[PDB]
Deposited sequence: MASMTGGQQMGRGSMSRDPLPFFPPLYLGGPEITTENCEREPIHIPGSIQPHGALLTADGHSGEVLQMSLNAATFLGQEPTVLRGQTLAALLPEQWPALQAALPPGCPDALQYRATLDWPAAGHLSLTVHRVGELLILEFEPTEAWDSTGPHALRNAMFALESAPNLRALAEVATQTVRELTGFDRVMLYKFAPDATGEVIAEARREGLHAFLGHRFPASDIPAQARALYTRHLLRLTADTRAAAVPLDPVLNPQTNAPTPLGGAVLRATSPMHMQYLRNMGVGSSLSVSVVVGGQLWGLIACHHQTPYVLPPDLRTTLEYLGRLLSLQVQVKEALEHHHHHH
C-alpha cells in the first residue's frame, strides 16, 4: 500500500521506502500554471491553487464561491458533454480561452469521481509532425526507428537531450537511442536498476502518458484547501499535468544538473514498453500545443514499435 502524505503526517521518504510514497496526492502543483477543482454537478469551485489570482486575475475569495457556469459561460456545457459522470479519468478535454487578464490560456479538464479538475496554462495563437509521421513509418528497423524518434523530438522541441529508454522484463532499463546537443555526457547504451522507477509510478504511467517538471528548483504551490471538501480526503491529481513532483525525484535531477524534464509513455500491448525522455539544462516550459505534438508522437511510436518488432520475431 501507500504511506499517508506528508501534510497528513506520514513518514518522510528515504531510499528504503521508495515504493510507498503517494505521488498522486501531493496536494500541490508546479507554478507555471493554475489549478482549480470543481463539483461535477454544480460546478462549484472547491479547491484552488494559491497562485490562481496570478493567472486568472481574480480576487482570491471571488473564485472559491463562484460556479463554472458563471466563470466559464461558453466552456461549461462543453465540459458536461465531454466528461460525463462515469467516464475514465484518463479522458481529457481542452479548449483555448481568450481570457481578459492573460491573452490566451490553455484549459485542460478531466474528472475524478464527483470532482472536475481544471488546469490553466499560458498558450499562444506546421508540417513537421506529418513529416515525422512518415519518417517513423519508413524506418527499416527498430534501431533506425529509435534514432528518427529521438532526432524528431529534438528538432521539434529544442531539448538538449532526448533519449528513448526501453524496459526489459524485470523493469531494467536501457537507453537505445539518443539525440543530444554537443558537449553533454552520453547516456547511450547504459542500463539502470529497477528501483529508479518504483512500482507505483509504473502503474500510473501505463494510464497517463505525459508528465513534466518545468523547473527543478521551483517550490511547489499548495492547493487550498488541501483536502477535497467532498471527501475530506486528498484530491487525486495523478492525471493533472501541473501536479507537483515528488521532492525525492527533484533532488536527483539537481544532482544531475537538469533544469527541466519531460517524458512520454510508449505503451505496447497494455504494458509500458519504454519512454521518450527529454532533458534540458535550464528551466523550460513547453507550450501546450507543442506538448500535444509529443502526445501524437507517443501513439505513433507505440504503433510503429509493435510493427517493427513483429518483423524481427
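**Q** List the gaps, meaning deposited-sequence segments with no CA coordinates, ordered along the sequence.
**A** Gaps in the modelled chain, taken against the deposited sequence, lie at 1 to 20, 146 to 150, 339 to 343.
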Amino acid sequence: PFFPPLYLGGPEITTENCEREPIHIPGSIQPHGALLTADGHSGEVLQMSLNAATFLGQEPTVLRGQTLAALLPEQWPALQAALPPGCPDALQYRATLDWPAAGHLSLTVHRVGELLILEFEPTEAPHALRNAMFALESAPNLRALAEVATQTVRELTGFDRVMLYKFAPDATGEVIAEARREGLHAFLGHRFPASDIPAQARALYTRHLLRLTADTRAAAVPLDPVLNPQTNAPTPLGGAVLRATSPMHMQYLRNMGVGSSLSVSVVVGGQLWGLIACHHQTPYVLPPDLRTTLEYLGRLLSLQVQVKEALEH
From here on, numbers count along this sequence of modelled residues.
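**Q** Of the two stretches 57 to 65 and 257 to 265, which shows the higher Cα B-factor on average in the entry?
**A** The recorded data point to 57 to 65.
**Q** Which has the higher mean CA temperature factor in the PDB entry, 154 to 162 or 191 to 199?
**A** It is 191 to 199.
**Q** Tell me, please, which of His185, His110, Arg211, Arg94 has the highest C-alpha B factor according to the deposited entry?
**A** By C-alpha B-factor in the record, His185 ranks first.
**Q** Using the temperature factors in the entry, find which of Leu72, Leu242, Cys87, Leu129 has the highest value at its Cα atom.
**A** Answer, based on the entry's C-alpha B-factors: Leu72.
**Q** Should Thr14 be placed in the lowest, middle or highest third of its chain by the C-alpha B factor in the entry?
**A** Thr14: CA B-factor falls in the highest third of its chain.
**Q** Compared with the other modelled residues in the chain, in which third is the CA B-factor of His41?
**A** Ranked within chain, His41 CA B lands in the highest tercile.
**Q** With respect to C-alpha B-factor, does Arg181 fall in the lowest, middle or highest third of the chain as deposited?
**A** Tercile = middle for this residue's CA B-factor.
**Q** Going by the entry, which third of its chain does the Cα temperature factor of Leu115 land in?
**A** Highest third - that is where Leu115 ends up once the chain's C-alpha B-factors are sorted.
**Q** Just say lowest, middle or highest third for the CA B-factor of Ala144 relative to the other modelled residues in its chain.
**A** Lowest third of the chain for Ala144's C-alpha B-factor.
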